[PDB]
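Data first, discussion second: the structure below is written as structure tokens.
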Amino acid sequence: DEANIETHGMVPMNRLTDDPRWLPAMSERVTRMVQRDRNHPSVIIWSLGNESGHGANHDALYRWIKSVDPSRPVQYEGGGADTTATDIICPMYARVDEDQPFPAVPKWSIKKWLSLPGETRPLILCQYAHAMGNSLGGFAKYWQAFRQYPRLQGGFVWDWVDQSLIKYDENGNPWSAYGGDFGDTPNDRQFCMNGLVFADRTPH
Amino acid sequence: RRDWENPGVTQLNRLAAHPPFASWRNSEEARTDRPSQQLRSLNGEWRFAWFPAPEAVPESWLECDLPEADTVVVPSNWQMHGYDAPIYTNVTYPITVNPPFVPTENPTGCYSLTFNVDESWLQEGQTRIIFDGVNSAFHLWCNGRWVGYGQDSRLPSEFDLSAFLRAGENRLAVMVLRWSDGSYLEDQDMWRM
Amino acid sequence: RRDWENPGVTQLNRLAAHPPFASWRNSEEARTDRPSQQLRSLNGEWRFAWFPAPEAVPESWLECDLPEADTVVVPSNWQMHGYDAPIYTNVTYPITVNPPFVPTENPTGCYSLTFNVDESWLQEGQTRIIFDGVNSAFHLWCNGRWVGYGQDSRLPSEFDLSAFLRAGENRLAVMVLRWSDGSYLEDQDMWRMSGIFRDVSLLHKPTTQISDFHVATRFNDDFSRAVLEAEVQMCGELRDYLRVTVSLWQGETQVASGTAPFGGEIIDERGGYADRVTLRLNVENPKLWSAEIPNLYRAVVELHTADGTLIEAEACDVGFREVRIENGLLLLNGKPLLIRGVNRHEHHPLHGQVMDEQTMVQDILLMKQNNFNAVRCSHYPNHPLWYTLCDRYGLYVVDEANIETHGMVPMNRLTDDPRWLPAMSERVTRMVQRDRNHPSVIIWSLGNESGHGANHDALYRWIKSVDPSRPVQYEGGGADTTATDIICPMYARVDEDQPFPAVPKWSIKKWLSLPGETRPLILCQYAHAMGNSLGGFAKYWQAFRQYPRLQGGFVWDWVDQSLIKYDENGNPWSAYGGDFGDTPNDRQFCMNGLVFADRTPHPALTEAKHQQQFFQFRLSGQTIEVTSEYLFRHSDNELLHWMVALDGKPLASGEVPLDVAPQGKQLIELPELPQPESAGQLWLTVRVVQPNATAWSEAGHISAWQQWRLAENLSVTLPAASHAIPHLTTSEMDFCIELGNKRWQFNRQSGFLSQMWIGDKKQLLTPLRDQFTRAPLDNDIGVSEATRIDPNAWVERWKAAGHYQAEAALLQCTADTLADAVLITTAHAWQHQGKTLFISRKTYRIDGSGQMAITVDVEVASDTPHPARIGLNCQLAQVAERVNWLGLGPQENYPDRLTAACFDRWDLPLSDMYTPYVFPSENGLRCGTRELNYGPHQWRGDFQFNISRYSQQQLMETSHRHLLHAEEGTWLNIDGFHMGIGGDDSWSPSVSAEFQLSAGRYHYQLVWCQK
Ligand SMILES: OC[C@H]1O[C@@H](O[C@H]2[C@H](O)[C@@H](O)[C@H](O)O[C@@H]2CO)[C@H](O)[C@@H](O)[C@H]1O
Ligand SMILES: OC[C@H]1O[C@@H](O[C@H]2[C@H](O)[C@@H](O)[C@H](O)O[C@@H]2CO)[C@H](O)[C@@H](O)[C@H]1O
Ligand SMILES: [Mg+2]
Ligand SMILES: [Mg+2]
Ligand SMILES: [Mg+2]
Ligand SMILES: [Mg+2]
Ligand SMILES: [Mg+2]
Ligand SMILES: [Mg+2]
Ligand code: NA
Ligand code: NA
Ligand code: NA
Ligand code: NA
Ligand code: NA
Ligand code: NA
């Protein structure tokens, strides 16, 4: 269960989440969620949001949850996937054997990540294997690694269903549309369709 | 006040958050998770009019239905009814980055509903309204009087309407802003509606 | 909108918080900290009108002055101008608890000011107004148009007035609400006042400006190298020709300087901060800052263009020091501190809560002179100047957020509620944003007495995360929660546990070692100096010295919060809770200071000074070993003076220069002790004197002392045959003795000495009778009240037992004539409801020499509460100018508070023998006295005494010192034994067992003779 906090378009990504003036607004997004969902057994882990860098607001909120609900781990991927705001190493799109050593926020091979000096946390990818179009090549490589390494405990595939929308042609026949098909611009075109299933639930 | 351009105001008069309630008045119903007569759905046909900015909304709408409005089902996203376009942008914000401000042409959906309330709900007790999801911020009025405001498009906003309703017919008016300072915290890679 | 009843709205249009700015446009002025033309004070004469509620404020006031207003000075608290009454309530909120609402009758102060603004401030740049302190919330209008709103009475609220002002005359309107939802977070134990009580100023900054800067100093392992790192942020349009230069100065020498254009390092997938830049300056062998030697450098941050043109400059003092907790110890520059601290409220008896530099400096100097090295800002961020003075004079400071919700039930009802997280967060974040560059701040505190809630844990981590350089502490919820790096209890005792449920206060020695505990423990409040208090203070100090992890504490507290009131005649007097009609109130509980409101010291201050000395001594043989407790400085401004005296008469003395390294020892051998030619006890006193003046003391300043007994030669020499023999005259009702021109009369029905004559002059106004009670101290009373008795308080135990009502019943009174003397024997029982509480047996033996030897043997029933004292008292007929004694002094001292006192011969004017505590009680005792002289009388023995124009009766019946009146003659209380005064706290019995008169049978003897 994840708070409705994502500030991906900011520059740098944590510009708001490291800003105390935004702590109140962010706090209610996390606190109100826990207040509502904390009795559901299906929720096993809380998340502080998505792609909002790593800011001090995150640290404060991570502690708040740990204090009010010790029954479930808290994770958050922003800022490098392994900051002080996450009980779990939860990278997005980290590769199995190949490192992608981006500055400040590298995406290490998952097998290697587990063993960096001083690291001891479990690793569960928050997003992996981007099912956009003809894809999922390399999927088995993740599973073989998850089964061999105890601390590689899986992941959440990206993602379930294509976000395509239905439009109607001149003849009234329906068709699947994506970014820019409504005159929207700028837009990110087909990147809104990354699911294992089509928008109507037919499997890819 | 332009509360929608102030991250210091994320709500006005909203009630505290809490787990799912239904106020059963029969324990066996509560045991089996049966529908509660105390928890009523207001989903169905509502009145809706679209405006290009909050500044364009007529004062008359607070007290009376706009003749030009249409009847539409709720819940719904107004883009899906064709009133304006949905936008698919991944990382880049769909509005200029100038926190906490939002554009002056800010699509405003004016929703209203005339509905009945039985005297029995008003003779004792508290009657609250619950909006489980309103994107991205809104003000609420009941029978012409202002009740409150809320942000966070993905959690329920609840208001006590006890002192605002009367037996019989009543009318809600909800002014929903497409963009708000909450939009700054809602940049997920998905259609913007 | 009623924004003042919504914790969700703590401000509207308020600008971000930042460190002190002045927008100098000349770098040298910034270097020297000179007044800046871009920072104007708007303090002075303002207009003001009081209203009972915001609803009563006329709308005309926004546009123009109200003719009914008065002209008053700002800053001020309106209660100090007489507009409404200040309230003194401790825990109970001064308003009904019904968050977030406040009373409808809400005193509103309408202040306004018409002033000029130069077009030069408006033609370019930004003009903002800064309210350093507005209690408790306020709306601001400029030229009739609404600007913004602000809460938090203890941090500055700033607003941009650029668009509201016009060249020439302008008018500000400030509506200040006494009560707001902010008041729920401002329940500290002090007077409840309101108003614009800190500075109001206007600051002009350029459009392209420094909007914030943080300075950090990190060191290598032995502090011989440091890196100064300065992160600077800007507002305005970014341009490639912009630069920031940060230069570091040590006096006139430029130690380092670095320049760079804006553009920070990559932080995440989206990049870095194009509007910030970090300059790193290397510093070799930096001069380190500490309270011992507050070395400071000056950092100047200049925003300019590449061609060299200055845009503006900001600056700050920098102190190179590292604070860290390691292996359970709080270290400063790698050495463990011993905090000799005190809590200090911002209080002035005339001006209320408005602070001035003079009072601040006065406080700091008395503190330092009294061996304090640290101060806790109980319980809110202080006026900005305070931190400047602590940085420069040298004091460690605990900076504390203005959050206290003591009156809630339970105490954390709001702090554990996420809906109050926002409001609380601003009280912590804005404080850190303002004060983080001050070297004197070594620890952050999350507030006070607010229980322990999840909001505390969230804010604890926020701080840890943004400023790793300083530990975070917080006492609420048990003093050792997950929200504190330091175990920091309030009023935990040294050896005794107070196991309250859920938030027990353990003995401090035991607390350190509870299972799994490893942190340092520094009391955030200890030894409550209310009234005649500080009993047992030495016990804390002996434990802090013995246990490494006991690293000191902050005494409660610095200064009495009494306020001045004026009687019919216009004469001033000190007032406390309820004296303004305020009710409910907590009476004298607002006076807990080491000093009176006017800065005069109470006697307890000297005890603190002595227990907090920086030099320890031991004596062996002729050898004195001095050990320095300084961590960083050598004793380079100290000389040891020693003096040997026999019963007060000096025999020898000298001086030796001290040259001891920090933590080192120096041995000093006294020269051979020539023998004395008289019986008597030789005593050695040593003192540490500072020959040279300093920024905080005058030449000659004494910083430490100690005494020891040396050889004693008991007198074995027989007096000598008396030239005369006293005669006894027996009559039915009296036994009279005559000797020369003196006569004594013992009444046979009362069994006491009722009269004594020198010639035809009577010496007594009241007979000499035993006394087992004292006018109750604040500590004896505790929370007890007539309207609500605390039966466990000492005063209630004594009352209930009949101690104050017991009457002497005579058992025996006989007279015998001996070879050279007459002997009177008496026995009395004191009873109550038929129980014998005390029995006193005595002999008075009057001899040929005229001396009357009195022996007293008392029995105290075991089941009666131990008595306050066991002595005699009388009202002498005459009054004399001086009091001279051989015993401990010169100041007032009690059994559990006499370490600072020295044995010697003292002589003071009688009035100095009375301590004017605002709430009167037993006072002025001196203990360990072997001889006392007053008028022609002399008493010799080994007793404790007090002497004054006020009876115990009067003191106990009078609640305010200004109402006491000198009685005829002089009341003398001479005690064989006197109970300790306690003070670990002033709301529960706190006199340690060893200081209670529980022995059951007591003996003392005194000789009264003429001089
Ligand atoms: O389904 C899209 C996916 O995008 C990832 O973001 C990518 C983005 O698509 C690409 O244009 C840019 O080069 O890199 C971004 C990664 O830094 C998001 O991380 C993921 O959450 C999805 O939104
Ligand atoms: O100077 C007073 C002191 O009060 C303490 O609180 C006491 C209070 O005085 C007593 O009336 C109540 O019965 O017990 C309280 C302790 O729980 C505060 O702890 C201290 O901060 C001071 O305010
Ligand atoms: Mg808002
Ligand atoms: Mg039914
Ligand atoms: Mg009707
Ligand atoms: Mg994203
Ligand atoms: Mg408010
Ligand atoms: Mg308190
Ligand atoms: Na595994
Ligand atoms: Na996508
Ligand atoms: Na110690
Ligand atoms: Na007090
Ligand atoms: Na010296
Ligand atoms: Na008294």
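Residue names in the structure tokens use chain letters A, B, ... in the order shown, residue numbers from 1 in each chain, and ligand numbers from 1 in the order shown.
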
Just want the 10 Å neighbourhood of residue 903 of chain C, counted on only C-alpha atoms, with same-chain residues fewer than 5 positions away dropped. Output as a tab-separated table (two decimals) with N, CA, C and O atoms, in the first residue's frame.
```
chain	number	residue	atom	x	y	z
C	645	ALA	N	44.15	29.94	59.76
C	645	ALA	CA	43.60	30.77	60.85
C	645	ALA	C	43.18	29.92	62.01
C	645	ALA	O	42.72	28.80	61.83
C	647	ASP	N	40.65	29.55	64.80
C	647	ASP	CA	39.44	30.18	65.27
C	647	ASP	C	39.26	31.56	64.69
C	647	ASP	O	38.95	32.50	65.40
C	648	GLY	N	39.43	31.72	63.36
C	648	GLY	CA	39.21	33.05	62.85
C	648	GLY	C	40.38	33.98	62.90
C	648	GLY	O	40.37	34.91	62.12
C	683	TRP	N	42.27	26.12	60.74
C	683	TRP	CA	41.57	25.85	59.50
C	683	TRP	C	42.34	26.41	58.34
C	683	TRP	O	42.80	27.58	58.41
C	684	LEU	N	42.42	25.61	57.26
C	684	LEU	CA	43.11	26.02	56.01
C	684	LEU	C	42.05	26.34	54.98
C	684	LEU	O	41.16	25.51	54.83
C	685	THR	N	42.08	27.55	54.38
C	685	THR	CA	41.19	27.94	53.28
C	685	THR	C	42.06	28.22	52.09
C	685	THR	O	43.10	28.85	52.17
C	707	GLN	N	38.00	24.31	52.15
C	707	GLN	CA	38.62	24.44	53.42
C	707	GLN	C	38.88	23.07	53.99
C	707	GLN	O	38.21	22.11	53.63
C	708	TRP	N	39.78	23.01	54.97
C	708	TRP	CA	40.01	21.75	55.68
C	708	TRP	C	40.31	22.11	57.13
C	708	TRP	O	40.97	23.13	57.41
C	709	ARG	N	40.01	21.21	58.03
C	709	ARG	CA	40.47	21.45	59.37
C	709	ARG	C	41.92	20.96	59.47
C	709	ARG	O	42.23	19.89	58.97
C	885	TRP	N	29.88	36.52	64.16
C	885	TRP	CA	29.92	35.12	64.61
C	885	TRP	C	31.15	34.40	64.04
C	885	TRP	O	31.73	34.78	62.98
C	886	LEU	N	31.45	33.31	64.76
C	886	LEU	CA	32.54	32.39	64.37
C	886	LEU	C	31.83	31.11	63.96
C	886	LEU	O	31.29	30.36	64.80
C	887	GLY	N	31.76	30.91	62.66
C	887	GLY	CA	30.98	29.74	62.23
C	887	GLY	C	30.91	29.78	60.69
C	887	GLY	O	31.71	30.45	60.03
C	888	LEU	N	29.96	29.07	60.08
C	888	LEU	CA	29.91	29.04	58.61
C	888	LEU	C	29.20	30.24	58.01
C	888	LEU	O	28.12	30.61	58.47
C	889	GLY	N	29.75	30.78	56.95
C	889	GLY	CA	29.13	31.92	56.31
C	889	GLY	C	30.00	32.46	55.16
C	889	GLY	O	30.86	31.74	54.63
C	890	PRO	N	29.79	33.73	54.74
C	890	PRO	CA	28.90	34.68	55.39
C	890	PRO	C	27.43	34.56	55.08
C	890	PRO	O	26.57	35.09	55.83
C	927	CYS	N	24.88	27.76	59.95
C	927	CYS	CA	25.14	26.57	60.76
C	927	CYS	C	26.59	26.52	61.25
C	927	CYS	O	27.41	27.39	60.97
C	928	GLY	N	26.91	25.44	61.95
C	928	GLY	CA	28.28	25.25	62.44
C	928	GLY	C	28.89	26.44	63.20
C	928	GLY	O	30.08	26.73	63.06
C	929	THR	N	28.08	27.10	64.01
C	929	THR	CA	28.54	28.31	64.69
C	929	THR	C	28.95	27.98	66.12
C	929	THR	O	28.25	27.28	66.85
C	930	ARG	N	30.15	28.49	66.48
C	930	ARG	CA	30.70	28.21	67.80
C	930	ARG	C	30.60	29.42	68.75
C	930	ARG	O	30.71	29.33	69.99
```

* Would you mind writing down, as number ranges by chain, each residue of segment 42-189 of chain A that DSSP on the backbone assigns to strand (DSSP E or B)? => A: 46-47, 74-75, 89, 92, 100, 107, 123-130, 152-158, 161, 165-168, 174-177

Output of the above residues as a tab-separated table (two decimals), in the first residue's frame, restricted to N, CA and C atoms:
```
chain	number	residue	atom	x	y	z
A	46	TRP	N	4.20	-1.04	3.83
A	46	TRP	CA	3.79	0.32	3.45
A	46	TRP	C	4.84	0.97	2.53
A	47	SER	N	4.45	1.77	1.53
A	47	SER	CA	5.41	2.50	0.73
A	47	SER	C	5.14	4.00	0.86
A	74	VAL	N	8.46	-0.85	6.07
A	74	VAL	CA	8.29	0.33	5.25
A	74	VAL	C	9.37	0.35	4.15
A	75	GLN	N	8.92	0.56	2.90
A	75	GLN	CA	9.88	0.64	1.78
A	75	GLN	C	9.67	1.91	0.97
A	89	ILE	N	15.71	-3.19	0.11
A	89	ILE	CA	16.35	-2.61	-1.14
A	89	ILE	C	15.34	-2.81	-2.22
A	92	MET	N	14.11	-0.15	-9.10
A	92	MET	CA	13.17	-0.36	-10.22
A	92	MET	C	14.09	-0.64	-11.41
A	100	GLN	N	24.43	-0.77	-13.77
A	100	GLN	CA	24.20	0.46	-14.56
A	100	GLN	C	24.61	1.53	-13.58
A	107	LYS	N	22.12	1.79	-10.39
A	107	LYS	CA	21.27	0.64	-10.37
A	107	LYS	C	22.21	-0.56	-10.49
A	123	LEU	N	16.21	-7.79	-0.75
A	123	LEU	CA	16.01	-6.95	-1.94
A	123	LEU	C	14.80	-7.52	-2.72
A	124	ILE	N	13.82	-6.65	-2.98
A	124	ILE	CA	12.59	-7.03	-3.73
A	124	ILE	C	12.37	-5.89	-4.68
A	125	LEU	N	12.52	-6.13	-5.99
A	125	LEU	CA	12.34	-4.98	-6.93
A	125	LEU	C	10.96	-4.36	-6.92
A	126	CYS	N	10.86	-3.03	-6.81
A	126	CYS	CA	9.55	-2.47	-6.78
A	126	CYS	C	8.96	-2.48	-8.16
A	127	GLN	N	9.81	-2.53	-9.20
A	127	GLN	CA	9.36	-2.57	-10.60
A	127	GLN	C	10.43	-3.28	-11.35
A	128	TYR	N	10.01	-4.29	-12.14
A	128	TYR	CA	11.03	-4.97	-12.96
A	128	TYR	C	10.35	-5.54	-14.16
A	129	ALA	N	11.15	-5.81	-15.18
A	129	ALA	CA	10.64	-6.32	-16.47
A	129	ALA	C	9.46	-5.62	-17.10
A	130	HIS	N	9.79	-4.57	-17.80
A	130	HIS	CA	8.90	-3.64	-18.50
A	130	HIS	C	8.14	-4.19	-19.71
A	152	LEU	N	17.32	-12.40	-2.42
A	152	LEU	CA	16.61	-11.84	-3.59
A	152	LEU	C	15.23	-12.43	-3.41
A	153	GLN	N	14.27	-11.62	-2.92
A	153	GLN	CA	12.95	-12.16	-2.60
A	153	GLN	C	11.81	-11.83	-3.58
A	154	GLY	N	12.26	-11.52	-4.79
A	154	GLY	CA	11.24	-11.32	-5.82
A	154	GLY	C	11.14	-9.92	-6.32
A	155	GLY	N	9.88	-9.63	-6.76
A	155	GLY	CA	9.68	-8.33	-7.34
A	155	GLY	C	8.28	-8.17	-7.89
A	156	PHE	N	7.96	-6.90	-8.32
A	156	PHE	CA	6.67	-6.55	-8.87
A	156	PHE	C	6.93	-6.16	-10.32
A	157	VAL	N	6.39	-6.97	-11.20
A	157	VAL	CA	6.54	-6.80	-12.65
A	157	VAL	C	5.93	-5.48	-13.04
A	158	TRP	N	6.49	-4.80	-14.03
A	158	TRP	CA	5.92	-3.53	-14.53
A	158	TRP	C	5.36	-3.76	-15.93
A	161	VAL	N	-1.69	-3.98	-16.54
A	161	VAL	CA	-2.56	-3.70	-17.69
A	161	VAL	C	-2.24	-2.45	-18.50
A	165	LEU	N	-6.88	3.74	-24.14
A	165	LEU	CA	-8.27	4.18	-23.94
A	165	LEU	C	-9.04	3.94	-25.25
A	166	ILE	N	-10.31	3.68	-25.18
A	166	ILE	CA	-11.05	3.45	-26.41
A	166	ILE	C	-11.51	4.75	-27.05
A	167	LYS	N	-11.29	4.89	-28.36
A	167	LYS	CA	-11.80	6.01	-29.17
A	167	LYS	C	-12.66	5.33	-30.24
A	168	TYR	N	-13.46	6.10	-30.94
A	168	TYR	CA	-14.33	5.58	-32.02
A	168	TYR	C	-14.01	6.24	-33.38
A	174	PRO	N	-14.74	0.95	-32.48
A	174	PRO	CA	-13.77	1.32	-31.47
A	174	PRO	C	-12.33	1.06	-31.82
A	175	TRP	N	-11.43	1.85	-31.25
A	175	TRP	CA	-10.01	1.51	-31.47
A	175	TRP	C	-9.20	1.91	-30.22
A	176	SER	N	-8.03	1.23	-29.95
A	176	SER	CA	-7.16	1.52	-28.78
A	176	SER	C	-6.21	2.70	-29.00
A	177	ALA	N	-6.31	3.70	-28.13
A	177	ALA	CA	-5.52	4.90	-28.30
A	177	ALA	C	-4.51	5.10	-27.19
```

* To do: Could you pull out the residues sitting within 10 Å of ligand 4, using only C-alpha atoms and all ligand atoms, and write them as a ChimeraX atom specification?
  => /B:24-26,29,34-38

* Dump the neighbourhood of ligand 6 as a list in words: all residues within 6 Å, distances computed on only C-alpha atoms and all ligand atoms. => residues 8 and 51 of chain A; 91, 188 and 189 of chain B

* Surroundings of ligand 14 up to 12 Å, based on only C-alpha atoms and all ligand atoms, as a ChimeraX atom specification -> /C:531-532,588,774-781,795,916-923,950-964

Since we have the selection now, will you write its residues out, keeping N, CA, C and O atoms, as a tab-separated table (two decimals), in the first residue's frame?
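Full text of result.tsv as output:
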```
chain	number	residue	atom	x	y	z
C	531	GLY	N	12.25	29.41	46.52
C	531	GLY	CA	12.31	29.77	47.93
C	531	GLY	C	13.63	29.33	48.50
C	531	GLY	O	14.64	29.30	47.84
C	532	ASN	N	13.62	28.96	49.77
C	532	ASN	CA	14.88	28.53	50.41
C	532	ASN	C	15.07	27.07	50.05
C	532	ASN	O	14.41	26.14	50.61
C	588	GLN	N	3.00	31.09	44.07
C	588	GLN	CA	4.45	31.36	44.03
C	588	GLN	C	5.23	30.35	43.19
C	588	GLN	O	6.47	30.45	43.15
C	774	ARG	N	9.24	25.47	62.28
C	774	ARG	CA	9.78	26.62	61.54
C	774	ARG	C	8.71	27.15	60.65
C	774	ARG	O	7.82	26.39	60.34
C	775	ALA	N	8.77	28.43	60.28
C	775	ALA	CA	7.81	28.94	59.31
C	775	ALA	C	8.14	28.15	58.04
C	775	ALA	O	9.26	28.20	57.56
C	776	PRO	N	7.18	27.43	57.51
C	776	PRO	CA	7.37	26.51	56.43
C	776	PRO	C	7.97	27.07	55.18
C	776	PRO	O	7.49	28.05	54.65
C	777	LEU	N	8.99	26.37	54.66
C	777	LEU	CA	9.56	26.78	53.39
C	777	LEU	C	8.64	26.35	52.26
C	777	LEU	O	7.74	25.51	52.45
C	778	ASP	N	8.88	26.86	51.02
C	778	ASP	CA	8.14	26.37	49.86
C	778	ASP	C	8.26	24.85	49.79
C	778	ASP	O	7.28	24.18	49.48
C	779	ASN	N	9.46	24.32	50.08
C	779	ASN	CA	9.60	22.87	49.96
C	779	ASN	C	8.83	22.17	51.02
C	779	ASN	O	8.49	20.97	50.88
C	780	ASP	N	8.58	22.83	52.15
C	780	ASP	CA	7.80	22.11	53.21
C	780	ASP	C	6.32	22.04	52.87
C	780	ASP	O	5.57	21.11	53.28
C	781	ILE	N	5.93	23.09	52.13
C	781	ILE	CA	4.50	23.23	51.73
C	781	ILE	C	4.16	22.40	50.51
C	781	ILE	O	3.08	21.84	50.41
C	795	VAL	N	4.69	20.26	55.87
C	795	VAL	CA	3.94	21.17	56.70
C	795	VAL	C	2.63	20.54	57.22
C	795	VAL	O	2.20	20.76	58.36
C	916	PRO	N	15.47	38.05	51.91
C	916	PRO	CA	14.12	38.49	51.53
C	916	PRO	C	13.40	37.64	50.48
C	916	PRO	O	13.08	38.17	49.40
C	917	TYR	N	13.15	36.36	50.78
C	917	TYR	CA	12.45	35.52	49.78
C	917	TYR	C	11.09	36.16	49.56
C	917	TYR	O	10.46	36.63	50.50
C	918	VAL	N	10.62	36.22	48.33
C	918	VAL	CA	9.33	36.89	48.07
C	918	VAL	C	8.21	36.29	48.86
C	918	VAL	O	7.37	37.02	49.45
C	919	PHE	N	8.22	34.93	48.89
C	919	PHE	CA	7.27	34.20	49.75
C	919	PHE	C	8.03	33.94	51.06
C	919	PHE	O	8.97	33.16	51.10
C	920	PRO	N	7.73	34.64	52.15
C	920	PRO	CA	8.51	34.49	53.37
C	920	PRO	C	8.43	33.15	54.06
C	920	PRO	O	7.41	32.48	54.07
C	921	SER	N	9.51	32.78	54.70
C	921	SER	CA	9.53	31.50	55.42
C	921	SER	C	10.78	31.60	56.35
C	921	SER	O	11.46	32.63	56.38
C	922	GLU	N	11.08	30.50	57.03
C	922	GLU	CA	12.28	30.38	57.81
C	922	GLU	C	13.40	30.73	56.84
C	922	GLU	O	13.40	30.31	55.67
C	923	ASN	N	14.34	31.54	57.33
C	923	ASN	CA	15.40	31.96	56.45
C	923	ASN	C	16.57	32.54	57.29
C	923	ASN	O	16.38	32.84	58.46
C	950	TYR	N	11.94	39.60	62.54
C	950	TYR	CA	10.64	39.03	62.25
C	950	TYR	C	10.49	37.71	62.90
C	950	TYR	O	11.36	36.85	62.72
C	951	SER	N	9.39	37.53	63.58
C	951	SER	CA	9.16	36.27	64.27
C	951	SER	C	8.86	35.13	63.29
C	951	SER	O	8.46	35.41	62.19
C	952	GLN	N	9.01	33.87	63.69
C	952	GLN	CA	8.65	32.76	62.81
C	952	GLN	C	7.16	32.85	62.54
C	952	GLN	O	6.63	32.59	61.45
C	953	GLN	N	6.43	33.26	63.61
C	953	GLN	CA	5.00	33.43	63.52
C	953	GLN	C	4.62	34.39	62.38
C	953	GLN	O	3.85	34.10	61.44
C	954	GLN	N	5.22	35.55	62.38
C	954	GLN	CA	4.91	36.48	61.33
C	954	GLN	C	5.28	35.93	59.96
C	954	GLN	O	4.57	36.08	58.99
C	955	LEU	N	6.44	35.32	59.90
C	955	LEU	CA	6.86	34.85	58.57
C	955	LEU	C	5.85	33.83	58.05
C	955	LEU	O	5.49	33.81	56.83
C	956	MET	N	5.42	32.99	58.99
C	956	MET	CA	4.49	31.98	58.52
C	956	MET	C	3.14	32.54	58.22
C	956	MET	O	2.42	31.93	57.45
C	957	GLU	N	2.79	33.70	58.78
C	957	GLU	CA	1.47	34.23	58.50
C	957	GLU	C	1.50	35.21	57.36
C	957	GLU	O	0.48	35.81	57.14
C	958	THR	N	2.67	35.44	56.76
C	958	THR	CA	2.72	36.49	55.72
C	958	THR	C	3.08	35.87	54.39
C	958	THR	O	4.03	35.07	54.33
C	959	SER	N	2.32	36.25	53.35
C	959	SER	CA	2.60	35.58	52.06
C	959	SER	C	3.44	36.36	51.11
C	959	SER	O	3.75	35.82	50.07
C	960	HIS	N	3.75	37.62	51.41
C	960	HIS	CA	4.53	38.46	50.50
C	960	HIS	C	5.50	39.31	51.34
C	960	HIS	O	5.17	39.94	52.36
C	961	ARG	N	6.75	39.29	50.96
C	961	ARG	CA	7.75	40.00	51.74
C	961	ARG	C	7.43	41.48	52.02
C	961	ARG	O	7.87	42.00	53.03
C	962	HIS	N	6.74	42.15	51.11
C	962	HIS	CA	6.50	43.57	51.29
C	962	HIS	C	5.53	43.88	52.40
C	962	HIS	O	5.40	45.02	52.86
C	963	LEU	N	4.89	42.87	52.86
C	963	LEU	CA	3.94	43.09	53.93
C	963	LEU	C	4.52	42.79	55.29
C	963	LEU	O	3.84	42.93	56.33
C	964	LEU	N	5.76	42.35	55.35
C	964	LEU	CA	6.34	42.11	56.68
C	964	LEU	C	6.70	43.45	57.38
C	964	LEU	O	7.13	44.40	56.72
```

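Between atom CA of residue 72 of chain C and atom CA of residue 46 of chain C the separation is 5.6 Å.
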
* Would you list which chain A residues are within 9 Å of chain B using only C-alpha atoms, as a PyMOL selection string? -> chain A and resi 3-10+16+21-22+24-26+28-29+31-39+50-52+163+178-180+182-189+191-192

Give one line per residue of chain C that approaches ligand 11 to at most 6 Å, naming the two atoms of the closest pair and their distance in Å to one decimal, counting only C-alpha atoms and all ligand atoms; sort by chain then ascending residue number and deliver it as a tab-separated table.
```
residue	atom	partner	partner_atom_place_in_ligand_line	distance
C:544	CA	ligand 11	1 (Na)	4.0
C:545	CA	ligand 11	1 (Na)	4.6
C:546	CA	ligand 11	1 (Na)	5.9
C:547	CA	ligand 11	1 (Na)	4.4
C:548	CA	ligand 11	1 (Na)	3.6
C:549	CA	ligand 11	1 (Na)	5.2
C:550	CA	ligand 11	1 (Na)	4.1
C:551	CA	ligand 11	1 (Na)	4.4
```

* Please, which residues have at least one atom within 9 Å of an atom of ligand 8, using only C-alpha atoms and all ligand atoms, listed as number ranges by chain? -> C: 90-92, 187-190, 404-407, 448-450
